[PDB]
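Given next are the chains, with one letter for each unit.
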Amino acid sequence: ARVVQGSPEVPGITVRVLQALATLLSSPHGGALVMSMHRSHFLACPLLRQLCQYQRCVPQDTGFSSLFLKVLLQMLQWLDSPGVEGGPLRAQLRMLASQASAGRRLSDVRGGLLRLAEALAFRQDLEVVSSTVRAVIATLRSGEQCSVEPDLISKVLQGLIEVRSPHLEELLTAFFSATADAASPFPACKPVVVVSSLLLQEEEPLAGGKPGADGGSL
Amino acid sequence: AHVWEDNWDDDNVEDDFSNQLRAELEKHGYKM
Amino acid sequence: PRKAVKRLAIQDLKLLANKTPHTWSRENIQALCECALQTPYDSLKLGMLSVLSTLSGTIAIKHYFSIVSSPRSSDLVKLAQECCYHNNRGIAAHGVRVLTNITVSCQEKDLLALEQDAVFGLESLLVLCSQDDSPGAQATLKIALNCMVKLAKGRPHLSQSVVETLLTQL
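Residues numbered from 1 in each chain as written, not as in the entry; some residues may be left out. Chains lettered and ligands numbered in written order. Part of a larger assembly, values for the part shown. Heavy atoms only, no water. Residues with missing side-chain atoms left out of burial classes, pairs and counts.

Determination of this PDB entry was carried out by cryo-EM to a resolution of 4.6 Å, according to the record.

If you want it as structure tokens, here you go:
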């Protein structure tokens, strides 16, 4: 039913009543075979069908999902995201889902005004979770975060801090003794949710005077 | 709370009489 | 910003919510809801959702939805929906607890969409806990079945739908 999945996805987007339940049961069986490692080559085909449907009618499907079938859309997205999380092999489905999520986010930001983030909130949360990639700079990222702090962009600062936290969780480098001190007062002055983890990471593998920086900051 | 309150089917709830019956009938362990 | 101190706040607001629920006020609920939206951490969101689950089970939901702002405009509903459709299993379990409690408790005109959303996220929890097979998974499963019994007994309207969904899970 892999060929007819894309057509039922359009029926699932418009009106399904029980076809949505059947598709969700089929996807749970695929997740079952994926967890049991019993050759579950069904997630990518449904992902390909969903991506094709999005490329065909991005606005209509997003409007139908975020307007009427919010619950069914959220259930399908939750099934897809946990399935992608289980299937960590080669991240091909992860990249396809990231592209589909970016396109759906663009369509939702364009069209959904009254039904603001009924499921697009969970979509954006999954988007941030999947886009939490590992930074490779770890020295100019501090300057970028300092620039974002003067610019006062909350989402950009959160993304930069999340990147720097994985960057600190990666292999340690030689940190500057002035840039970190400047950045810590800025994230302290701003309400920073990840401030404690950032301070712990920057204080554990530190190539500088940690007590001096802490005393100066205090 | 448990899933179903009027549950006759639970181990530690059941009393001495058919505890003795349980001992005998688990020892038996078959029906024709 | 101390995570352990926030966990203290969790395990203390649980105690206050369990002891004296009627003293909980609308601004307190709204502030806790804003904190649960603005948190980044799944564990602390889980704790706050447990607190909201207990408060929803108690009477204070009527205080939060006592008029003299739409119920949909109330910040509780959005948090409950997004956390019921969140990825993590315990977060989803407490979200569907909040949804079941509010659906059985309050009866306003616009809550039918919440009823439908709650039941559909409910078989989402059924499929997840049915094919998870963990001790915590079975705990969240028993939580979902408590939600079933309470929802069906409080409202007989959704009974046939929930029974046929449970048969599909069978």
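When helices and strands are counted, chain C shows 9 helices and 0 strands. Its helices and strands taken in sequence order, chain C reads α-α-α-α-α-α-α-α-α from the N to the C terminus. Computed over its C-alpha atoms, the radius of gyration of chain C comes to 16 Å, within 12% of the 15 Å expected for a compact globule of 170 residues. Each principal axis of the C-alpha atoms in chain C carries an extent, and together these give about 45 × 40 × 25 Å. Here chain C holds 170 residues, and 43% of them are scored as buried. Here chain C has roughly 9000 Å² of accessible surface; of this, 59% comes from carbon and sulfur atoms. (Helix = DSSP H or I, 4+ residues; strand = E, 2+ residues; numbered from the N terminus. Rg over C-alpha atoms; globule rule 2.2 N^0.38 Å. Buried < 20%, exposed > 50% of the residue type's maximum accessible area, 1.4 Å probe, protein only. Areas by Shrake-Rupley, 256 points an atom, 1.4 Å probe, with all protein chains shown as cover.)

For the rest of this paragraph, the subject is the overall build of chain A. Helix and strand counts for chain A come out as 13 helices and 0 strands. Element order for chain A, N to C, with α for helix and β for strand: α-α-α-α-α-α-α-α-α-α-α-α-α. Taken over C-alpha atoms, the radius of gyration comes to 22 Å for chain A, far larger than the 17 Å a tight globule of 218 residues would show. Overall size of chain A, expressed as C-alpha extent along the three principal axes, is 65 × 45 × 20 Å.

Before going further, it helps to examine helix α8 (residues 140–151) of chain A. Helical geometry: 3.6 residues make up each α-helical turn, so side chains three or four residues apart lie on a common side. For α8 of chain A, which comprises 12 residues, the first-to-last C-alpha distance of 16 Å matches the rise-based estimate of 16 Å (1.5 Å per residue) to within 8%. One or two positions beyond α8 of chain A, positive phi appears at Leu152 of chain A, with a value near 60°. (Expected span 1.5 Å × (residues − 1).)

The closest approach of N and O atoms between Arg22 of chain B and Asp11 of chain B, which form a salt bridge, is 3.4 Å. Of this pair, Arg22 of chain B sits in helix α1 (residues 16–28) while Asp11 of chain B sits in the segment before α1, placing them 11 residues apart in sequence. Note that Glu82 of chain C is salt-bridged to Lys45 of chain C, the shortest N-O span being 3.8 Å. (Salt bridge = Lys/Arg side-chain N within 4 Å of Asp/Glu carboxyl O.)

On to the interface of chain A and chain C, then. At the interface, 10 residues of chain A touch 10 residues of chain C. Where the side of chain A that touches chain C is concerned, the elements lending two or more residues are α2 (19–35), α5 (70–86) and α12 (195–203) of chain A. When its residues are assigned to classes, the side of chain A that touches chain C shows 6 nonpolar, 4 polar and no charged. (Contact = heavy atoms within 4.5 Å. Nonpolar A, V, L, I, M, F, W, Y, C, P; charged D, E, K, R; others polar.)

Residue and element names in this part refer to chain A. One non-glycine residue, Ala91, lies in positive phi territory at about 55°. Mapped onto the secondary structure, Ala91 falls in the loop between α5 and α6 (92–111). Positive phi outside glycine occurs at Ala117, with the angle close to 60°. Take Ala117: it is sitting in the loop between α6 and α7 (120–131).

Turning our attention to the environment of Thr140 of chain C. Residue and element names in this part refer to chain C. Position of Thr140 among the secondary structure elements: in helix α8 (residues 135–154). Residues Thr140 and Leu126 lie 14 residues apart in sequence; the distance between their C-alpha atoms is 9.5 Å. Those residues in contact with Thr140, other than ones at most four positions away along the chain, are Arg89, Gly90, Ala93 and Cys129.

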